[PDB]
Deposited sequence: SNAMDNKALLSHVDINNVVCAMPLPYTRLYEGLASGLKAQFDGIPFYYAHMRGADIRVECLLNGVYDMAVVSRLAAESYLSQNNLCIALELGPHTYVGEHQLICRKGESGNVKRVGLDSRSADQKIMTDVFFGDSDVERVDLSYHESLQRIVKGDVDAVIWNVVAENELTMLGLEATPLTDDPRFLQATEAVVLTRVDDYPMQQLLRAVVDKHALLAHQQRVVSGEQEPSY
């Protein structure tokens, strides 16, 4: 019904399949998002392309490879200054990833001069630039792995990363929740981008998606009540 109502919309658009680019589905939260969104497309051939890196998903989308791309609100807000894009769906906070924190050696948060930064992480770059402001802080190209390891070493002073009270203490580290700025929470919000002039895809998403239903399905996947299907 809902499905057949969806199938009927596809009949009037030059869209066969809908291909959505999103991260590799390596958290239960990503799975619930992936599962909740596809469920909104019942009756429409809908498939995920799982592609590491927000930048390349957006580049692909811009080049016409995908109909839509999933990224964080924080990234998306930047992409829109740089490219002609549409934020077609916004899911609110805590729909994409967990909170981030500032990880450094114990009590040395006031003494930060070098920061680890993964080149592949669009959000970590933005958040590092936002948090370290007009401060003389050196950025070092490191995976968190390498950053953590190097922070333990003593060379690199900090990394902004996903948030655990105990492991950190064992390594002589500390994690600080991030100062205030609305952008940090934007990092946890899933959004769907389309090309700015792709009205068929924008309008189809508006037609098919029930935001609260998508969210409740995500919730049921995260609680283990329901298994994901994506």
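- Gaps in the model relative to the deposited sequence occur at one place only, 164.
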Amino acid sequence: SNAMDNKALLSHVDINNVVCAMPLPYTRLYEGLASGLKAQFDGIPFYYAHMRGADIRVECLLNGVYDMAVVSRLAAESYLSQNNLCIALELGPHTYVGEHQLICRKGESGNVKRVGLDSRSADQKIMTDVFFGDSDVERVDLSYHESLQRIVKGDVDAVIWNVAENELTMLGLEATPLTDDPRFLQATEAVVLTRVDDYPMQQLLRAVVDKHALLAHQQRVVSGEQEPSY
From here on, numbers count along this sequence of modelled residues.
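- Higher average CA B factor: 10-18, of the stretches 212-220 and 10-18.
- Higher average CA B factor: 174-182, of the stretches 66-74 and 174-182.
- Within the group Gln101, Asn84, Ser143, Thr95, the record's highest C-alpha temperature factor is found at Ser143.
- Residue set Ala122, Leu89, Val130, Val112: peak C-alpha B-factor at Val112 (per PDB entry).
- Among the modelled residues of its chain, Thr27 has a C-alpha B-factor that falls in the middle third according to the deposited record.
- In the deposited entry, the Cα temperature factor of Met51 sits in the middle third of values across the chain's modelled residues.
- Sort the chain's modelled residues by C-alpha temperature factor and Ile44 lands in the middle third, per the entry.
- When the modelled residues of the chain are ordered by their C-alpha B factor, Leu148 lands in the highest third.
- For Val137, the recorded CA B-factor ranks within the highest third of the chain. Only modelled residues enter the ranking.
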